[PDB]
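What follows is a set of notes on a single structure, which appears directly below.
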Amino acid sequence: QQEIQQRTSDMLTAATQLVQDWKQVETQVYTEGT
Amino acid sequence: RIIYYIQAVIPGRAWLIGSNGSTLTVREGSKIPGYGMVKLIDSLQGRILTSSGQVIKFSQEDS
Amino acid sequence: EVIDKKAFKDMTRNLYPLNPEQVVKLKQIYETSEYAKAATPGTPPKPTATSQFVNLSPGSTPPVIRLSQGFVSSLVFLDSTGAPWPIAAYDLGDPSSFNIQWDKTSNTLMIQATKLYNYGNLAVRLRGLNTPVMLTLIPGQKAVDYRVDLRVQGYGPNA
Amino acid sequence: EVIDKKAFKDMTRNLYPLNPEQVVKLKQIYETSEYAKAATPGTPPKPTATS
Amino acid sequence: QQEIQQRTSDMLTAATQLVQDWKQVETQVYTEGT
Amino acid sequence: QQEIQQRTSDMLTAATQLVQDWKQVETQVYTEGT
Amino acid sequence: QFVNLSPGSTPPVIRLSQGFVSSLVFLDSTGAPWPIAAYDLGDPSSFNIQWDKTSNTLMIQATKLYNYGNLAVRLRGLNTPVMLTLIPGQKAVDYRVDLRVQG
Amino acid sequence: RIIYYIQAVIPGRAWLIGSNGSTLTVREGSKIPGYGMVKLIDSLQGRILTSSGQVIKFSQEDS
Amino acid sequence: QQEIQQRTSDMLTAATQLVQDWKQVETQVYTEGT
Amino acid sequence: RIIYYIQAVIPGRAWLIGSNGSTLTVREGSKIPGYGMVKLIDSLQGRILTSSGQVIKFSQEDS
């Protein structure tokens, strides 16, 4: 029974990092050459 | 005759305009030519009661 | 092996306490509350443009401007022929109820009402006149004046 | 499964304690209070020009 | 009886705010243009 | 009985915020271009 | 739309939306552009206006959902200012409005 | 006859446009030429009820 | 009974973040090029 | 006849393009020439149901 609550807290830590990484979008970079 | 219309009204006074372009101001007890004596000034709903039974209101095209 | 299914569904309910069907219902609740907050009691005033003639005799009544809270009314001064008459100066009583914007050379005053039902008067001096022009300003009526054309009895610098 | 309906309606009542009907009635109460505050006792004076 | 004095103290707070608002009269503003 | 007094305190907090927002009127802005 | 400066007509209506841009361009009766001298906006907390100081186009964005107001626009050759009303949250949004002024 | 279409509606007022290009604004109790008296202004869903039974709505190509 | 009170407090935290994000409207940006 | 294809769809609206190059936008109850009345706009999967039974989808070469 208690192994379910231990497994659930481990999954919530990993799912928070996965969602936070998917939010990040980096701005495009324009390079001018002359 | 002349038709009078309400131009603005606060508690106590009312400003009127006629068909001839004449502008008046009236109080609770006052004389209006062609209408008689002011009986009640109702600031809400824009109605003025007159002793001859006529009711002066806002104009239909300006309200 | 059965424990892994139980831990996944309980974690999803903790990560997302609101269903996608419940997010849609909450957005309808939020915008209905904004609609009732912005609605005006009674009926809104009718936006109109008017034109009056101003008589400087000592028997007549000063003219009336109808205003509304947060709205702009423009007052333009013309002579008897219809040419514009520039403004020299103005004097406003009770500045806590009304706000006036004016470039210092033109003939147009733009007045905004700040309060709901407080009324006052205003003094306006023209360029060629010696007699000042008196107005009264009443807000909160059944009509709001977007623009008033004022006919002044004399002859201005333009004719 | 029936817990989720019960928690949703209770959360809405804490988030919005006033109904859209009650917001409309409160705005009429507020503007009537300013109308009595700005009203003048008796009759206002007549604006005149004299010589 | 006890609720009467509680209502009386609430009206005195609202009446004091109403009276001093009627005392305030602002000075006229004269604008000169050129 | 006591749920009425709890509901009344929540409505007073929301009504104070609603009345305060209706008081605010912002001054007009005149923009001159040349 | 055609704009009438008579003292009996109604001011024109502009339909807006929150977060969207509406462009208003001013033309005369023939159809040539009419440059803008100045403008006066009431309630700046509900609308945002961008304007380069010489052109004849105003770009207005609505900030709130259902709050409406008015606007005064003065043109270069006119003495009569132009009065508009701005209502957001309708069933149509105006991307561009063409305005014919009488003079 | 002349067909009127809703241009914008808030609670209380409604701005209308006609087939002739004429523009009007109406209140709860008001006159429309060719339609009669306004009976109900319903700001949601874009419907205006009229005493003659006709319903003024938004235009089909502009909605 | 007590699981309803725990679920209600979780939805109130998430609904506050959703409403606050819908309030935010960013001002338009005009870019002039020459 | 003229064949219409979905160009973009969100909940509520859908932007359509025809074989003639004409571009339209439609809502829940709307008229399409040669198709009838819009019955259901389903933003997922790119399907629009029409009262005549035809289904408007994305183009095969543009999807």
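Going by the order they are written in, the chains are A, B, C, D, E, F, G, H, I and J; count residues from 1 in each one.
Everything that follows uses one rule, which is that a residue touches a chain if its C-beta (ideal position, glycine included) is under 8 Å from a C-beta of that chain, and two chains touch if they have at least 3 such contacts.
A.B. asks: Considering only chains that satisfy the touch condition with chain F, which of them also satisfy it with chain G?
C.D. replies: Output, common partners of chain F and chain G: C.
A.B. asks: Count of steps on the shortest touching-chain route from chain B to chain F?
C.D. replies: Minimum step count, chain B to chain F: 2.
A.B. asks: Could you let me know which interface, D-I or C-F, is made of more C-beta pairs in contact?
C.D. replies: D-I
A.B. asks: Closest chain to the protein's overall Cα mean, using per-chain Cα means, please.
C.D. replies: It is chain C that sits nearest the middle.
A.B. asks: Can you compute the centre-to-centre distance for chain A and chain I, using the mean CA position of each chain? Integer Å is fine.
C.D. replies: Taking the average C-alpha coordinate of chain A and of chain I, the gap between them is 20 Å.
A.B. asks: Report the inter-centroid distance (CA atoms only) between chain G and chain I in whole Å.
C.D. replies: One centre to the other, that is 32 Å.
A.B. asks: Could you tell me the distance, in whole angstrom, between the mean C-alpha positions of chain E and chain J?
C.D. replies: Here the centre of chain J sits 63 Å away from the centre of chain E.
A.B. asks: Quick one: which residues in chain A touch 2 or more of the other chains?
C.D. replies: Within chain A, no residue contacts more than one other chain.
A.B. asks: Provide the list of chain G residues touching at least two other chains, using ranges where the numbers run on.
C.D. replies: In chain G, residues 9-10, 38, 40, 42-43 touch at least two other chains, as defined above.
A.B. asks: If you look at chain B, which of its residues touch at least two other chains?
C.D. replies: Those would be 10, 25, 63.
A.B. asks: Under the definition above, what is the set of chain F residues touching chain G in their complex?
C.D. replies: Result: residues 26, 28-34 of chain F touch chain G.
A.B. asks: Quick one: in the complex, what on chain D touches chain C?
C.D. replies: Listed in rising order, the residues of chain D that touch chain C are 4, 8, 12, 16, 20-21, 23-24, 27-28, 31, 34-35, 38-39, 47, 49-51.
A.B. asks: Across the complex, what residues on chain A touch chain C?
C.D. replies: The touching residues are 3-4, 7-8, 11-12, 15-16, 19.
A.B. asks: Tell me, which parts of chain C touch chain H in their complex?
C.D. replies: Interface residues on chain C, with respect to chain H: 39-40, 42-44, 46-47.
A.B. asks: Which of the residues in chain G come into contact with chain C in the complex?
C.D. replies: For chain G paired with chain C, touching residues are 6-11, 38, 40, 42-43, 64-67, 69-72, 74, 79-81, 83, 85.
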